[PDB]
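K.L.:
File name input.tsv; file contents TSV, C-alpha atoms and all ligand atoms; full text below.
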chain	number	residue	atom	x	y	z
A	24	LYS	CA	13.85	2.98	25.71
A	25	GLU	CA	10.34	4.38	26.28
A	26	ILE	CA	8.47	6.39	23.63
A	27	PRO	CA	7.38	9.80	25.03
A	28	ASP	CA	3.72	10.20	26.02
A	29	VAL	CA	3.65	13.61	24.29
A	30	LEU	CA	5.44	14.26	21.00
A	31	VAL	CA	6.83	17.70	20.06
A	32	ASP	CA	8.98	19.20	17.27
A	33	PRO	CA	11.27	22.27	17.06
A	34	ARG	CA	9.72	23.36	13.73
A	35	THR	CA	5.90	23.55	14.02
A	36	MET	CA	6.05	23.24	17.83
A	37	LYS	CA	2.83	21.21	17.92
A	38	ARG	CA	2.17	18.78	20.77
A	39	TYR	CA	0.96	15.29	19.82
A	40	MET	CA	-0.48	12.79	22.29
A	41	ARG	CA	0.67	9.20	21.70
A	42	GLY	CA	-2.55	7.13	21.76
A	43	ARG	CA	-3.46	3.58	20.78
A	44	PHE	CA	-0.88	1.18	19.36
A	45	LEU	CA	-1.63	0.34	15.72
A	46	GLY	CA	1.11	-2.08	14.68
A	47	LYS	CA	4.79	-2.69	13.92
A	48	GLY	CA	6.44	-2.70	10.48
A	49	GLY	CA	9.98	-4.07	10.72
A	50	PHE	CA	11.62	-1.90	13.37
A	51	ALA	CA	8.97	0.84	13.21
A	52	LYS	CA	6.07	0.95	15.67
A	53	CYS	CA	3.01	3.07	14.86
A	54	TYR	CA	0.57	4.88	17.14
A	55	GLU	CA	-2.60	6.87	16.66
A	56	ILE	CA	-1.39	10.35	17.64
A	57	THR	CA	-3.60	13.38	18.32
A	58	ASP	CA	-3.00	17.14	18.04
A	59	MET	CA	-3.45	18.48	21.58
A	60	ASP	CA	-4.62	21.87	20.24
A	61	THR	CA	-6.68	20.88	17.15
A	62	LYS	CA	-7.66	17.28	18.05
A	63	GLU	CA	-6.88	16.18	14.46
A	64	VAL	CA	-5.77	12.55	14.52
A	65	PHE	CA	-2.76	11.07	12.71
A	66	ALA	CA	-0.86	7.81	12.36
A	67	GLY	CA	2.64	8.39	13.76
A	68	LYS	CA	5.48	6.15	12.60
A	69	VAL	CA	8.01	6.06	15.42
A	70	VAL	CA	11.46	4.85	14.38
A	71	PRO	CA	14.17	4.65	17.10
A	72	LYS	CA	17.56	6.17	16.26
A	73	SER	CA	19.30	2.97	17.42
A	74	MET	CA	18.26	1.54	14.05
A	75	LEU	CA	19.62	4.59	12.19
A	76	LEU	CA	23.04	4.73	13.87
A	77	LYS	CA	24.46	3.57	10.54
A	78	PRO	CA	24.42	6.46	7.99
A	79	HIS	CA	23.50	3.83	5.36
A	80	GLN	CA	20.07	2.98	6.83
A	81	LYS	CA	19.79	6.65	7.86
A	82	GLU	CA	19.76	7.53	4.15
A	83	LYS	CA	17.07	5.02	3.11
A	84	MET	CA	14.53	6.53	5.49
A	85	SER	CA	15.53	10.10	4.60
A	86	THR	CA	14.69	9.14	0.99
A	87	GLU	CA	11.31	7.64	1.99
A	88	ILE	CA	10.48	10.89	3.80
A	89	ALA	CA	11.88	13.00	0.94
A	90	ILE	CA	9.55	11.36	-1.59
A	91	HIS	CA	6.37	10.85	0.48
A	92	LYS	CA	6.57	14.52	1.54
A	93	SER	CA	6.32	15.77	-2.05
A	94	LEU	CA	3.18	13.74	-2.77
A	95	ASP	CA	-0.44	14.96	-2.66
A	96	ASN	CA	-3.23	12.72	-3.96
A	97	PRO	CA	-6.45	11.14	-2.55
A	98	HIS	CA	-5.00	7.62	-3.10
A	99	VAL	CA	-1.62	8.03	-1.48
A	100	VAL	CA	-1.28	8.27	2.31
A	101	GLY	CA	-1.33	11.96	3.22
A	102	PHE	CA	1.98	13.35	4.47
A	103	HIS	CA	1.97	15.94	7.25
A	104	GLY	CA	5.62	16.55	8.11
A	105	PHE	CA	8.21	14.47	9.90
A	106	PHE	CA	10.38	15.39	12.91
A	107	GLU	CA	13.03	13.93	15.21
A	108	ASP	CA	14.22	14.25	18.79
A	109	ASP	CA	17.31	12.84	20.54
A	110	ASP	CA	15.99	9.23	20.44
A	111	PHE	CA	13.27	8.71	17.78
A	112	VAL	CA	12.32	9.81	14.27
A	113	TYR	CA	8.61	10.57	14.03
A	114	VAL	CA	6.73	10.48	10.71
A	115	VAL	CA	3.21	11.93	10.84
A	116	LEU	CA	0.77	10.43	8.32
A	117	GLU	CA	-2.90	10.12	7.31
A	118	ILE	CA	-5.03	7.88	9.52
A	119	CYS	CA	-6.47	4.69	7.98
A	120	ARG	CA	-8.64	3.03	10.64
A	121	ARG	CA	-9.73	0.14	8.38
A	122	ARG	CA	-6.28	-1.49	8.02
A	123	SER	CA	-4.93	-2.78	4.70
A	124	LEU	CA	-6.40	-4.67	1.76
A	125	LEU	CA	-4.40	-7.62	3.09
A	126	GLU	CA	-6.55	-7.80	6.22
A	127	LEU	CA	-9.57	-7.67	3.93
A	128	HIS	CA	-8.14	-10.47	1.78
A	129	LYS	CA	-7.17	-12.76	4.70
A	130	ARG	CA	-10.69	-12.43	6.16
A	131	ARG	CA	-12.56	-12.59	2.83
A	132	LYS	CA	-10.37	-14.71	0.62
A	133	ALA	CA	-11.64	-14.36	-2.98
A	134	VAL	CA	-13.69	-11.15	-3.25
A	135	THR	CA	-16.40	-10.57	-5.85
A	136	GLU	CA	-15.39	-9.01	-9.16
A	137	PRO	CA	-16.99	-5.55	-8.69
A	138	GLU	CA	-15.05	-5.24	-5.43
A	139	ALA	CA	-11.80	-5.95	-7.26
A	140	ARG	CA	-12.92	-3.53	-9.99
A	141	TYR	CA	-13.42	-0.86	-7.30
A	142	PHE	CA	-10.18	-1.58	-5.42
A	143	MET	CA	-8.03	-1.88	-8.55
A	144	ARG	CA	-9.40	1.34	-10.09
A	145	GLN	CA	-8.72	3.41	-6.98
A	146	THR	CA	-5.37	1.67	-6.48
A	147	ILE	CA	-4.30	2.27	-10.09
A	148	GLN	CA	-5.32	5.94	-9.98
A	149	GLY	CA	-2.83	6.26	-7.14
A	150	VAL	CA	-0.21	4.35	-9.14
A	151	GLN	CA	-0.72	6.78	-12.03
A	152	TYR	CA	-0.22	9.87	-9.86
A	153	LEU	CA	3.05	8.26	-8.74
A	154	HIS	CA	4.24	7.36	-12.25
A	155	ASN	CA	3.09	10.75	-13.59
A	156	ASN	CA	5.16	12.39	-10.86
A	157	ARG	CA	8.04	10.05	-11.76
A	158	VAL	CA	7.74	7.98	-8.55
A	159	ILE	CA	8.05	4.19	-8.50
A	160	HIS	CA	6.82	2.17	-5.51
A	161	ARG	CA	8.75	-1.05	-6.25
A	162	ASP	CA	7.14	-2.63	-3.17
A	163	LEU	CA	3.37	-2.78	-3.76
A	164	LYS	CA	1.56	-5.34	-1.62
A	165	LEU	CA	-1.99	-5.59	-0.23
A	166	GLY	CA	-0.48	-4.34	3.06
A	167	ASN	CA	0.51	-1.09	1.32
A	168	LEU	CA	-3.10	-0.57	0.22
A	169	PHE	CA	-4.62	1.00	3.35
A	170	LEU	CA	-8.32	1.72	3.91
A	171	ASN	CA	-10.00	4.63	5.64
A	172	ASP	CA	-13.47	4.60	7.24
A	173	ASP	CA	-14.81	5.53	3.78
A	174	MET	CA	-13.23	2.39	2.24
A	175	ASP	CA	-10.98	4.47	-0.05
A	176	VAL	CA	-7.74	2.70	-0.99
A	177	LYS	CA	-4.70	4.80	-0.06
A	178	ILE	CA	-1.15	3.75	-1.01
A	179	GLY	CA	1.52	3.85	1.71
A	180	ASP	CA	4.95	2.54	2.81
A	181	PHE	CA	7.29	4.23	0.31
A	182	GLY	CA	10.33	2.54	1.93
A	183	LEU	CA	11.45	1.24	-1.47
A	184	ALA	CA	10.14	4.13	-3.57
A	185	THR	CA	12.50	5.94	-5.95
A	186	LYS	CA	12.30	9.12	-8.05
A	187	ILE	CA	13.80	9.41	-11.56
A	214	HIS	CA	13.78	-2.18	-14.18
A	215	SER	CA	11.58	0.93	-14.22
A	216	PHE	CA	7.79	1.48	-14.10
A	217	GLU	CA	6.96	-2.09	-15.17
A	218	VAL	CA	7.68	-3.48	-11.68
A	219	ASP	CA	4.60	-1.69	-10.35
A	220	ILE	CA	2.40	-3.05	-13.15
A	221	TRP	CA	3.73	-6.45	-12.01
A	222	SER	CA	2.81	-5.87	-8.37
A	223	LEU	CA	-0.71	-4.79	-9.37
A	224	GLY	CA	-1.10	-7.99	-11.38
A	225	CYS	CA	-0.39	-10.09	-8.29
A	226	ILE	CA	-2.88	-7.97	-6.38
A	227	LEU	CA	-5.66	-8.31	-9.00
A	228	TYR	CA	-4.88	-12.02	-9.03
A	229	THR	CA	-4.98	-12.37	-5.23
A	230	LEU	CA	-8.21	-10.41	-4.95
A	231	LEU	CA	-10.04	-12.37	-7.65
A	232	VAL	CA	-8.43	-15.78	-7.07
A	233	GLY	CA	-8.15	-15.60	-3.27
A	234	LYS	CA	-4.54	-16.80	-3.22
A	235	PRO	CA	-1.27	-15.13	-4.27
A	236	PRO	CA	-0.03	-16.32	-7.70
A	237	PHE	CA	3.52	-17.13	-6.53
A	238	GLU	CA	2.88	-17.96	-2.84
A	239	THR	CA	4.63	-20.98	-1.34
A	240	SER	CA	5.98	-21.78	2.13
A	241	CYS	CA	9.56	-22.00	0.83
A	242	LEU	CA	11.04	-18.54	0.17
A	243	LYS	CA	13.57	-19.84	-2.38
A	244	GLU	CA	10.68	-21.53	-4.25
A	245	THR	CA	8.74	-18.26	-4.60
A	246	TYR	CA	11.79	-16.53	-6.15
A	247	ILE	CA	12.14	-19.42	-8.63
A	248	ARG	CA	8.43	-19.38	-9.53
A	249	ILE	CA	8.77	-15.64	-10.22
A	250	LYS	CA	11.96	-16.00	-12.32
A	251	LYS	CA	10.70	-18.88	-14.48
A	252	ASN	CA	7.35	-17.00	-14.62
A	253	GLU	CA	5.43	-19.94	-13.17
A	254	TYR	CA	1.76	-19.23	-12.46
A	255	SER	CA	-1.58	-20.71	-13.48
A	256	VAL	CA	-4.80	-18.71	-13.44
A	257	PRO	CA	-7.74	-21.01	-12.55
A	258	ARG	CA	-10.44	-21.56	-15.20
A	259	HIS	CA	-13.08	-20.24	-12.76
A	260	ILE	CA	-11.82	-16.69	-13.26
A	261	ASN	CA	-13.48	-14.49	-15.91
A	262	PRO	CA	-11.69	-14.71	-19.31
A	263	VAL	CA	-11.55	-10.90	-19.60
A	264	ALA	CA	-10.14	-10.75	-16.07
A	265	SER	CA	-7.50	-13.47	-16.59
A	266	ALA	CA	-6.65	-11.93	-19.99
A	267	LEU	CA	-5.63	-8.68	-18.31
A	268	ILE	CA	-4.00	-10.53	-15.43
A	269	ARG	CA	-1.80	-12.37	-17.94
A	270	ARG	CA	-0.76	-9.06	-19.57
A	271	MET	CA	0.06	-7.41	-16.25
A	272	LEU	CA	2.32	-10.30	-15.22
A	273	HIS	CA	3.76	-10.83	-18.70
A	274	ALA	CA	7.42	-11.88	-18.75
A	275	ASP	CA	8.63	-9.15	-21.12
A	276	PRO	CA	8.31	-6.00	-18.96
A	277	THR	CA	7.83	-3.94	-22.13
A	278	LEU	CA	4.77	-5.96	-23.21
A	279	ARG	CA	3.10	-5.16	-19.88
A	280	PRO	CA	0.39	-2.47	-20.11
A	281	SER	CA	0.91	1.13	-18.96
A	282	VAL	CA	-0.93	2.65	-16.01
A	283	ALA	CA	-3.17	4.66	-18.34
A	284	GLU	CA	-3.92	1.52	-20.35
A	285	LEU	CA	-5.30	-0.23	-17.26
A	286	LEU	CA	-8.32	1.98	-16.47
A	287	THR	CA	-9.53	1.59	-20.05
A	288	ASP	CA	-9.31	-2.21	-20.08
A	289	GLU	CA	-12.45	-4.27	-20.76
A	290	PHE	CA	-12.29	-5.56	-17.14
A	291	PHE	CA	-13.16	-2.13	-15.76
A	292	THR	CA	-15.64	-1.17	-18.50
A	293	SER	CA	-17.57	-4.36	-19.31
A	294	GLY	CA	-18.94	-5.30	-15.89
A	295	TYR	CA	-20.54	-3.43	-13.00
A	296	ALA	CA	-18.19	-1.12	-11.10
A	297	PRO	CA	-19.33	0.34	-7.78
A	298	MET	CA	-18.30	3.87	-6.78
A	299	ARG	CA	-18.72	3.30	-3.02
A	300	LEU	CA	-18.19	0.21	-0.90
A	301	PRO	CA	-19.85	-0.62	2.43
A	302	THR	CA	-17.70	-1.39	5.45
A	303	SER	CA	-19.33	-4.85	5.46
A	304	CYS	CA	-16.84	-5.82	2.73
A	305	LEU	CA	-14.19	-6.21	5.42
A	306	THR	CA	-15.81	-9.49	6.55
A	307	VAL	CA	-18.55	-10.51	4.08
A	308	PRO	CA	-19.49	-9.92	0.39
A	309	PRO	CA	-21.77	-6.93	-0.45
A	310	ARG	CA	-25.29	-7.10	-1.94
A	401	LIG	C1	0.41	5.47	7.19
A	401	LIG	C2	0.43	4.22	8.02
A	401	LIG	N1	1.40	3.34	8.35
A	401	LIG	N2	0.72	2.40	9.15
A	401	LIG	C3	1.40	1.35	9.67
A	401	LIG	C4	2.57	1.55	10.41
A	401	LIG	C5	3.33	0.52	10.97
A	401	LIG	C6	2.94	-0.79	10.78
A	401	LIG	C7	1.80	-1.06	10.03
A	401	LIG	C8	1.36	-2.49	9.81
A	401	LIG	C9	2.30	-3.22	8.83
A	401	LIG	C10	2.23	-2.64	7.43
A	401	LIG	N3	1.14	-2.92	6.71
A	401	LIG	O1	3.15	-1.97	6.98
A	401	LIG	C11	1.05	0.00	9.49
A	401	LIG	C12	-0.58	2.64	9.34
A	401	LIG	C13	-1.63	2.04	10.03
A	401	LIG	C14	-2.91	2.62	9.98
A	401	LIG	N4	-3.97	2.05	10.63
A	401	LIG	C15	-3.93	0.82	11.43
A	401	LIG	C16	-5.36	0.49	11.84
A	401	LIG	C17	-3.33	-0.34	10.70
A	401	LIG	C18	-2.74	-1.37	11.44
A	401	LIG	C19	-2.16	-2.47	10.80
A	401	LIG	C20	-2.16	-2.54	9.41
A	401	LIG	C21	-2.74	-1.51	8.66
A	401	LIG	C22	-3.33	-0.42	9.31
A	401	LIG	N5	-3.12	3.76	9.28
A	401	LIG	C23	-2.13	4.37	8.61
A	401	LIG	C24	-0.85	3.81	8.64
Kindly return the structure encoded in the file as structure tokens.
P.N.:
Amino acid sequence: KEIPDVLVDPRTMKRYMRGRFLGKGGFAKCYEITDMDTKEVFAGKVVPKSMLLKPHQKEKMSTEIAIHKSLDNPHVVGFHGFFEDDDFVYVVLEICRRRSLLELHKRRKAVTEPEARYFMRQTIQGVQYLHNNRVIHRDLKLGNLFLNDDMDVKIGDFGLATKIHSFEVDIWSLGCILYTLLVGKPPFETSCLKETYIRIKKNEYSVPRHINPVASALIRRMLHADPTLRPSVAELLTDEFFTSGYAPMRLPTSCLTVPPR
């Protein structure tokens, strides 16, 4: 079933123009949509109701919307109201025309330290806002770390977010990220899916010796087996890793493909 060329809602009664395709997450396609009156551009998640015929799955998305809606912070994807018609649910979000930190990783492999310092900081500051507002992400991956044309990291995809394992799962996800950024490969990545889940359980990872001691030190703590021995969000910013070495405040767009100078 076709997705309407113009999108409208009963509430605000604003007309959006479905523009360029941006991607597809699971059963949700996403288009760059544009306000026909204001010309302000937004990323519109379009989920077809044929996926939400079951009231079970229809709850999970109504929770994702519930939470994301309440949020307001320069490191979480902006929320600008959802709406539905007879066929599709439409979630209107902040536009990030530089894709996700995953794309950056895939293209760059191991980034330089300052870049990880910059990304982690900004990422963590988002993670704090969440934890401060009693929100857990539970599903933090480089794909959830979107980038705008200013190279600001903005957290998205709250499809497994929950309001109040607890907070320590997020500190785990950020460990993997800081690993992947600095090391260039995910710490528990393997082709076999069962193998990954075993590696995680038995806590099987080895940080290469090429990585900075102070970096690895923190990476060990963030991935530590005892969730209660993992650092807190507030304890991250203050860590030697962020304070010892050079930390840039802005990043060039060049970082998407090559290292900065
Ligand atoms: C908010 C928001 N959700 N999505 C989005 C929706 C559906 C699927 C996907 C890809 C798979 C995934 N990572 O989940 C992303 C965006 C895409 C972009 N920008 C575009 C340029 C883009 C396209 C691919 C990946 C990242 C960004 N900006 C903001 C958003």
K.L.:
Just want the 6 Å neighbourhood of residue A:121, counted on only C-alpha atoms, with same-chain residues fewer than 4 positions away dropped. Output as a list in words.
P.N.:
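That gives residues 170, 171 and 172 of chain A.
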K.L.:
Between atom CA of residue A:167 and atom CA of residue A:131, what is the spacing in Å?
P.N.:
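Those two atoms sit 17.5 Å apart.
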K.L.:
Counting only C-alpha atoms, which of A:177, A:125, A:143, A:99 gets nearest to residue A:164?
P.N.:
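Distance minimum relative to residue A:164 lands on A:125.
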K.L.:
Take the point (-2.5, 6.7, 12.9) in the file's coordinates, draw a sphere of radius 10 Å around it, and report as an MDAnalysis selection string every protein, DNA or RNA residue with an atom inside or on it, counting only C-alpha atoms.
P.N.:
chainID A and resid 41:46 53:57 64:68 115:120
K.L.:
Rank A:40, A:153, A:31, A:134 by their smallest atom-to-atom distance to residue A:91, using all atoms listed in the file, and report the top residue only.
P.N.:
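Ranked by minimum distance to residue A:91, first place goes to A:153.
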K.L.:
May I have the residues within 12 Å of residue A:254 as number ranges by chain, using all atoms listed in the file and disregarding those fewer than 3 positions away in the same chain?
P.N.:
A: 224-225, 228, 234-239, 245, 247-251, 257, 265, 268-269, 272-274
K.L.:
Grab the atom CA of residue A:69 to atom CA of residue A:114 distance for me, in Å with one decimal place.
P.N.:
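For atom CA of residue A:69 relative to atom CA of residue A:114, the distance reads 6.6 Å.
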K.L.:
Would you output stretch 80-145 of chain A from that structure, restricted to C-alpha atoms, as a CSV table (one decimal), in the first residue's frame?
P.N.:
chain,number,residue,atom,x,y,z
A,80,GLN,CA,3.3,-4.6,19.1
A,81,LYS,CA,0.9,-1.6,19.1
A,82,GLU,CA,1.9,-1.0,22.7
A,83,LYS,CA,5.7,-1.2,22.2
A,84,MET,CA,5.6,1.7,19.7
A,85,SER,CA,3.1,3.7,21.8
A,86,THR,CA,5.7,3.5,24.6
A,87,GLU,CA,8.5,4.6,22.3
A,88,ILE,CA,6.4,7.6,21.3
A,89,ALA,CA,5.4,8.2,24.9
A,90,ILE,CA,9.0,8.5,26.1
A,91,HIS,CA,10.7,10.2,23.2
A,92,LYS,CA,7.9,12.9,23.3
A,93,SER,CA,8.8,13.9,26.9
A,94,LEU,CA,12.5,14.4,26.0
A,95,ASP,CA,14.2,17.7,25.2
A,96,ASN,CA,18.0,17.9,25.0
A,97,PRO,CA,20.6,18.8,22.3
A,98,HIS,CA,21.9,15.2,22.3
A,99,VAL,CA,18.7,13.3,21.9
A,100,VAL,CA,16.8,13.4,18.6
A,101,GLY,CA,14.2,16.2,18.7
A,102,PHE,CA,10.6,15.1,19.0
A,103,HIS,CA,7.9,17.1,17.1
A,104,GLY,CA,4.7,15.2,17.6
A,105,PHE,CA,3.4,12.0,16.1
A,106,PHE,CA,0.2,11.3,14.2
A,107,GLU,CA,-1.7,8.5,12.5
A,108,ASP,CA,-4.2,8.1,9.6
A,109,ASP,CA,-6.2,5.0,8.5
A,110,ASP,CA,-3.1,3.2,7.2
A,111,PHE,CA,0.2,4.5,8.7
A,112,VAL,CA,1.6,5.9,12.0
A,113,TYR,CA,3.8,8.9,11.3
A,114,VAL,CA,6.5,10.0,13.8
A,115,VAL,CA,8.0,13.4,13.1
A,116,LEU,CA,11.6,13.8,14.3
A,117,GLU,CA,14.8,16.0,14.0
A,118,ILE,CA,16.7,15.7,10.8
A,119,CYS,CA,20.2,14.3,10.9
A,120,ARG,CA,21.6,14.5,7.3
A,121,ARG,CA,25.0,13.0,8.3
A,122,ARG,CA,23.8,9.5,9.1
A,123,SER,CA,24.9,7.6,12.2
A,124,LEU,CA,28.3,7.0,13.9
A,125,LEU,CA,28.1,3.5,12.4
A,126,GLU,CA,28.4,4.9,8.9
A,127,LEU,CA,31.4,6.9,10.2
A,128,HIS,CA,32.9,3.8,11.8
A,129,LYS,CA,32.4,1.5,8.7
A,130,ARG,CA,34.1,4.2,6.5
A,131,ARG,CA,36.8,5.2,8.9
A,132,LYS,CA,37.5,2.1,11.0
A,133,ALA,CA,39.6,3.1,14.0
A,134,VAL,CA,39.2,6.9,14.6
A,135,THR,CA,41.8,9.0,16.3
A,136,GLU,CA,41.5,9.4,20.1
A,137,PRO,CA,40.4,13.1,20.2
A,138,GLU,CA,37.5,12.1,17.8
A,139,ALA,CA,36.4,9.4,20.3
A,140,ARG,CA,36.8,11.9,23.1
A,141,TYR,CA,34.5,14.3,21.3
A,142,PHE,CA,31.9,11.7,20.3
A,143,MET,CA,31.9,10.0,23.7
A,144,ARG,CA,31.5,13.2,25.6
A,145,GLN,CA,28.6,14.4,23.5
